Each structure stands twice: as C-alpha cells, then as structure tokens.
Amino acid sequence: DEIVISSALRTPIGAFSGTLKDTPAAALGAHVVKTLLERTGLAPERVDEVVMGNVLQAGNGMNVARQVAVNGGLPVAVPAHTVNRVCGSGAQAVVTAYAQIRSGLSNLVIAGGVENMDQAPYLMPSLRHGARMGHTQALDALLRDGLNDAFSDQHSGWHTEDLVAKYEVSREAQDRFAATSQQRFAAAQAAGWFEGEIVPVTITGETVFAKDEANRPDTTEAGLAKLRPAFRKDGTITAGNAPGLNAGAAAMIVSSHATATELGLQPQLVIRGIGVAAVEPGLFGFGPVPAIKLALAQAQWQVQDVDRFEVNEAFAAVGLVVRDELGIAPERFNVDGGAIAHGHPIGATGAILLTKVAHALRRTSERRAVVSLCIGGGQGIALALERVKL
C-alpha cells in the first residue's frame, strides 16, 4: 500500500515569448501524456483518472485536465479534473492522486501540471455590461489570476520584499544564490542530466524543441549587482534573482507499488510524507517551512536524513529563507539549479520538480528527497520521497 510515482516526464521549459508561445498548456500536457503511454505501454483502460494542475485557466477551454486526457489519446471513459493551489498546483495533482488511491476511489492516476504564461489572455471585466463612460482597464490574466495577491492586488515580488526585510536577506546573498542556480543548472544541462526526463516537442518548417531555453549560463553575481529592483524602488528583488514567465508541462503515474509491479511499470519514488500548510499571504515565501516539517514528520525523517531538497525558486529570497530556517546544507539545496535558471511555469512547476527529483535520485543513487513549493496567498506544499530500487 506504498504509493509510488512511475514514468515522470516533462517538456523542456519555454522562455516568455519563446519557443512554446503558440502552444496551449493543454497541448503541452497532452503531448507528455501521449508519450508516457507509448513509452510505458500502459493499457489505457487501466488509467482511472487524469488530474492536472493549471493556475491560469482563463481562455484554456472547458476543464484543462480533460483536454490533456482526451488529446493525450486516453479513452473517453477516463475522467479528469483540474486543480489550482497556485504555484503548488503541479505537486497538488500528485497529492490529489495519493488521496484518491488511499481512499479507494482510484487504483492508478496520471497526475501533473501545465502552464503557458504567453497563452494567458487579457481580461475585460467591463465588456459584459459596459464601461458606460471613461477609460477602462484590460487586465493581464497572468497578474490578476497568477502573480498578484488576491487580497492586496500587489505582485508576489512586492510582498516578498517584506520577507526579505523580516529575515534580513541581503541583495548580495540573493544575487549569489541566483548566479549559483544558473551555474548549477548550466553544468547539469551540459552533463546531459536532463536528457532522460525531457520529451521533445515538435513546433510546426518544423522545429524540435528539446532543451530548456530560459537559463543564462554566463550569469555572475557581479553582473546581477547591476540590475534595478523590479517591485519596489528601494527593493532587492530583480529580473535576475527571480524566475521568468515560462511554459511547460510534466506528468507521471501514481499507483500503489503492487499496481505498478502488476502493470510492468518501474517505480521511481515512494511518497513517504505529505505536508500542506498556510501562513500570512504577505509572508507566503515562508510557507514551505511548516509544509516540509509536516512531510518530514509523516516520513519520520530529520532534515539531516535528506540527500536533497528541491524547493521552488519563486525568488532567490524564498530559497535562502527556507534553506537557512531549516538549516539545510547549501550543497543539498536545489543541487542541479532551480526556477531562476530553468523557469517557473506556475501550474507545471511542482510536477517538474517531482520529475527532476525522480531522475536525479536514479542517477545519483541518493535515497531521500523533499520537494516543496511556496504558494501565493500564503501556502506551502511538500512531499518526502524515497528512491525505489529497480
């Protein structure tokens, strides 16, 4: 009755206005699901549900998860639903799957997340019943539904300056963390460490998109020191110590260990612990701390027991606060780099981080990992994960 992750796969991550700008989030997910089914040879009839994270659902059409399922080639008999816990959404899909299997509602779920920030439409709140007289606003949905706090209407980056102030996170420390994320990601990418987990996407000439494109390998802390604050005049957060506005998808099979063995799957990770926590919306970057403590308590693990922490780099400041609050060794925190380098396709990111850890533990023979994401609105999600031997 161990719940395991099998066949975790992801697209490469697109840059803002980059290679995936014309490819809907649901099409990215459908491509990963189609590929997962063809590579595993899993009988499509054994899929009980598709669960997908997606934050910017505006204009994506009815129920993104059902589009991912049907356009991914699954039989129309497979149900599907879409979950939204903001940046946690792609990890939430896997927690949702775990709950459905443990509760007896499902035996096997395809879970993941999708996002395409270019494909987020503009919103016209006054178009239905009229603006009447005077200028009116068209809202960028990626700000209104994705990155701005629902209570303040301030950017997540504006709020994170209060986390920076509270934990005395220097500009210099943020830029060092960001430069290190770029350097670690570039070295891992050059070593071929992401080839196994990436499903190339054909863009119609045809272009094969096979490599993460959002990263800047030549980044130095000295170069980052030159950038202007992006969110407050006297701020520390810049375009260089924050991730971009990215596109991508990831998906994986969630089942009991027995079900995976029965159907000839090769489990990658066992879910040993799950944590979901919430904090003040204004201090959302702290969310992973209580979430990780809950996941570690379920797994009966100490911080010192964990080979690697994979914590989303929503901002360098959030990575530093979570790492230092929990006393995690810098060499065991975002070992192969994070979202500052590869990008943060909101609803997909949690599924991407699970995918990275599945493949990294197999490569390194590391035994124990934690995946965690901070969540706009003041939440955190964490999974404690153990490598399954072949």
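Quick note: we count residues from 1 along the sequence shown, nothing fancier.
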Gap between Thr204 and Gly205, counted in deposited residues with no coordinates, falls in the class 1 to 3
Looking only at C-alpha temperature factors in the entry, 186-194 or 224-232, the higher average sits in 224-232
Of 302-310 and 145-153, the stretch with the higher mean C-alpha B-factor in the deposited entry is 302-310
Per the deposited entry, the peak Cα B-factor within the set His135, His129, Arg85, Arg102 goes to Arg102
Per the deposited B-factor column, the C-alpha that peaks among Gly338, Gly53, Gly29, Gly327 belongs to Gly327
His342: CA temperature factor from the record, placed by chain third, in the lowest
For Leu245, the third of its chain by CA B-factor is the lowest
Tertile call for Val276 (CA temperature factor, within chain, third-based) is the middle
Assert third(CA B-factor, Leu296) within chain per record equals highest
Chain-relative C-alpha B factor for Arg66 (record values, thirds): the lowest
